[PDB]
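Undergrad: For reference, the structure I am asking about is given below.
Cβ: placed from backbone, ideal geometry, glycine included. Neighbour counts: every protein chain shown. All of the numbers you see were taken from the coordinates with simple rules; none came from a lab.
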Protein chains: 2
Amino acid sequence: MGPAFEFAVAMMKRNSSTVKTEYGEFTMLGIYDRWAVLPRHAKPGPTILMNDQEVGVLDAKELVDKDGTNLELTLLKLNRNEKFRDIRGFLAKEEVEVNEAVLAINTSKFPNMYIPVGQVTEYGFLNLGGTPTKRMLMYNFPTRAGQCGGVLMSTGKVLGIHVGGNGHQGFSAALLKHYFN
Amino acid sequence: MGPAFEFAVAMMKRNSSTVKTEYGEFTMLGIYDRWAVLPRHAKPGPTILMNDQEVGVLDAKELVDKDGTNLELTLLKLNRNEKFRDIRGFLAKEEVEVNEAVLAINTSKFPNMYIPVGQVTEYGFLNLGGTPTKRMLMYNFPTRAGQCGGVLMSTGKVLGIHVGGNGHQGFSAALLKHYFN
Ligand SMILES: *[C@@H](CC(=O)OCC)[C@H](C[C@@H]1CCNC1=O)NC(=O)[C@H](Cc1ccccc1)NC(=O)[C@H](CCC(=O)OC(C)(C)C)NC(=O)OCc1ccccc1
Ligand SMILES: *[C@@H](CC(=O)OCC)[C@H](C[C@@H]1CCNC1=O)NC(=O)[C@H](Cc1ccccc1)NC(=O)[C@H](CCC(=O)OC(C)(C)C)NC(=O)OCc1ccccc1
């Protein structure tokens with residue numbers, strides 16, 4: 001648990017930001033170059049608020065699998081000269097299962113807060129927000145509004161992004177290496 | 001930072017609880033025997049709600065120094081057969097200063113959340129909530145309502161209990177070994 005927290009803190013410091021869209025406030029994880037990720041329901045427009053700053057969105061892909069089914073992730077290209085530290089090496093080729101994970105949030109609401117969520121299990125199918133959704137990772141923690149975009153990690157691994165909950169369990173969309181080339 | 005988180009998680013698991021009083025919801029740290037601590041402003045009555053459960057308060061000391069000055073801590077004797085694990089060994093004889101601390105919260109609002117608050121400095125005097133108050137530990141973190149009772153820790157050390165903030169800094173009352181005999 002210790003090293004997983006240490007890893008999470010350094011990842012949030014280097015690669016994470018607080019984002020506001022017309023749809024609420026989110027944690028945002030920068031991945032490589034100028035590409036970052038939000039939950040698809042953040043519904044980012046032409047311009048987002050990133051650490052209170054008007055940033056232009058050059059391009060935005062809502063992710064779907066081979067059937068055209070929703071993965072609940074939007075990739076965003078940001079109009080800024082700073083490049084993110086490339087964290088593709090920390091992203092698995094397939095859904096990861098883990099016994100201890102930490103969920104990391106960085107919003108006005110939950111500023112630099114870290115949650116030990118316990119066991120993460122692959123949960124693949126889930127009817128999320130009414131929508132059938134694949135590649136969900138599940139943890140038994142009472143997750144709330146304001147936590148979306150939260151980054152789920154274990155030692156040296158970025159597992160997924162928090163996208164929903166049913167009041168008793170939370171679910172991350174798996175953040176897979178092939179989404180980023 | 002890793003071992004401090006590991007220490008904090010195990011301390012909250014063993015010794016902490018969520019308490020509701022007429023004055024709000026708090027994190028509560030059990031110390032030894034049947035004695036626990038809240039911020040004095042929790043203003044615990046004859047009966048508190050402890051993890052949703054009606055618990056009787058046998059005795060309650062609001063703490064003050066030698067001048068009769070407020071320390072912003074209430075010690076509570078609880079009417080329950082379970083004794084807390086004795087954590088007096090983790091309590092310093094005087095105010096502790098540290099470069100990395102973790103603040104741990106356990107409420108409905110902030111369930112099992114851990115915050116790396118950075119440097120803790122002894123701050124002794126502060127006019128808190130209008131009231132002159134001594135033995136304050138300071139950290140530069142945007143602490144909010146709902147975080148009172150939060151437990152401030154470093155590796156193998158319980159430093160104090162979170163009792164206030166001014167929107168930019170937070171302050172813990174130092175939890176000193178001599179308060180508990
Ligand atoms: C993040 C929002 C955020 O950060 O706020 C910005 C300020 C939310 C976290 C969730 C909500 C409750 N707990 C959480 O961890 N995420 C959501 O709100 C998403 C949003 C969304 C929108 C559109 C399409 C897809 C996703 N939705 C859910 O988590 C969803 C909402 C259901 C719900 O409780 O809210 C109401 C108000 C609409 C009723 N949860 C869900 O579908 O799971 C329930 C379920 C599970 C299994 C089978 C059937 C239903
Ligand atoms: C914990 C409350 C909680 O858990 O809610 C239960 C559901 C609060 C955390 C604080 C509040 C804001 N940020 C925090 O970290 N703590 C308090 O509210 C305490 C309460 C209290 C009451 C009576 C006597 C002593 C303490 N008070 C403060 O933190 C205090 C409040 C000032 C304030 O901003 O609130 C208003 C609404 C009353 C204006 N803060 C304070 O005095 O510091 C300001 C200051 C610093 C230095 C010099 C002069 C003023």
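Undergrad: Sequence gap at least 6, Cα distance under 8 Å: using those rules, report the relative contact order of chain A to the nearest whole percent.
TA: 22
Undergrad: How big is the gap, in Å, between the Cα center of the stretch B:33-112 and the Cα center of the stretch A:116-137?
TA: Answer, in whole Å: 38.
Undergrad: Scan around A:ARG135 for amide H atoms under 5 Å from its own, H built in the peptide plane at 1.01 Å from N, and keep only partners 5 or more places away or cross-chain.
TA: A:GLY124, A:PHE125
Undergrad: If you don't mind, another one. Which one of A:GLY24, A:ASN106, B:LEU49 has its Cα pushed farthest toward the positive end of the charge dipole of the protein assembly as shown, where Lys and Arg give +1 and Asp and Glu give -1 at the Cβ?
TA: A:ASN106
Undergrad: Can you give me the distance in nm between label points at A:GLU54 and A:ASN79, each placed 7 Å from the Cα along the Cα-to-Cβ direction?
TA: In this crude label model, A:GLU54 to A:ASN79 measures out at 1.0 nm.
Undergrad: To continue, here is another question. Could you name the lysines whose alpha carbon sits less than 22 Å from that of B:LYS134, not counting residues in the same chain fewer than 8 places away?
TA: Those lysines meeting the cut-off are B:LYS43, B:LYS61, B:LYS66, B:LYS93, B:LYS157, B:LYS177.
Undergrad: Where does the longest stretch of chain A lie that holds no trypsin sites (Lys or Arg not before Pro) found in a DSSP loop with 12 or fewer other Cβ atoms within 10 Å?
TA: A:94-181
Undergrad: Now, a different point. Convert 37 °C to kelvin, take the viscosity as 0.692 mPa s, use the Kirkwood radius over C-alpha pairs of the protein assembly as shown as Rh, and evaluate the Stokes-Einstein diffusion coefficient in µm²/s, rounded to a whole number.
TA: It diffuses with D of about 153 µm²/s by this estimate.
Undergrad: Could you tell me which GluC sites (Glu not before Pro) in the stretch A:1-36 are loop residues by DSSP with no more than 11 other beta carbons within 10 angstrom of their beta carbon?
TA: A:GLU22
Undergrad: At A:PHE125, label 7 Å along Cα→Cβ: distances to the other copies, nm, ascending?
TA: 6.9
Undergrad: In addition: Measuring label to label, 7 Å along Cα→Cβ, what does B:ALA10 give against each other copy in nm, shortest first?
TA: Those label-point separations list as 2.3 nm.
Undergrad: So what are the ³J(HN,Hα) numbers for the stretch A:157-171, from phi and the Karplus equation (6.51, -1.76, 1.60; θ = phi - 60°), rounded to whole Hz, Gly and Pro as x?
TA: Once rounded to whole Hz, the list reads 9, 9, 7, x, 10, 6, 10, x, x, 10, x, 10, 10, x, 9.
Undergrad: Would you list which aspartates and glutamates come within 12 Å of B:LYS20, measuring only between C-alpha atoms, while excluding same-chain residues fewer than 8 positions from it?
TA: Cross-link targets: B:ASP52, B:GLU54.
Undergrad: In percent, how large is the relative contact order of the stretch A:16-84, given Cα pairs closer than 8 Å and 6 or more residues apart?
TA: 32
Undergrad: How far apart, in nm, are the 7 Å Cα→Cβ label points at A:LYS177 and B:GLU122?
TA: 5.2
Undergrad: Can you list the HN-Hα couplings for the stretch B:5-15, worked out from phi with the Karplus curve (6.51, -1.76, 1.60; θ = phi - 60°), rounded to whole Hz and with x for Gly and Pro?
TA: So the Karplus estimates, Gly and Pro as x, are 5, 4, 4, 4, 4, 5, 4, 5, 5, 6, 10 Hz.
Undergrad: Same structure again: Computed over the Cα atoms of the stretch B:16-84, what is the ratio Rg over Rh, Rh following Kirkwood?
TA: Dividing the radius of gyration by the Kirkwood radius yields 0.96.
Undergrad: Could you tell me how many cubic angstrom of Cα convex hull volume chain B has per residue?
TA: 103
Undergrad: Calculate, for B:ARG88 and A:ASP86, the FRET efficiency according to 1/(1 + (r/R0)^6) with r their C-beta to C-beta distance and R0 35 Å; round to the nearest 0.05.
TA: Efficiency, rounded to the nearest 0.05: 0.15.
Undergrad: Right, next: Work out from phi, with θ = phi - 60° and the Karplus expression 6.51 cos²θ - 1.76 cosθ + 1.60, the ³J(HN,Hα) of each residue of the stretch A:18-23, listed in order in whole Hz, and give x for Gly and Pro.
TA: 9, 10, 10, 10, 4, 9
Undergrad: How far is A:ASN51 from the same spot in each other copy, in nm, shortest first, if each label point sits 7 Å from Cα toward Cβ?
TA: Relative to the other copies, A:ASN51 has label-point distances of 4.0 nm.
Undergrad: OK, next. Can you show me the helix-derived [θ] at 222 nm for chain B, built from DSSP H runs with n ≥ 4 at -39,500 (n - 2.57) apiece and divided by the number of residues, rounded to the nearest 500.
TA: Using -39500 (n - 2.57) per qualifying helix, the result is -2500 deg cm²/dmol.
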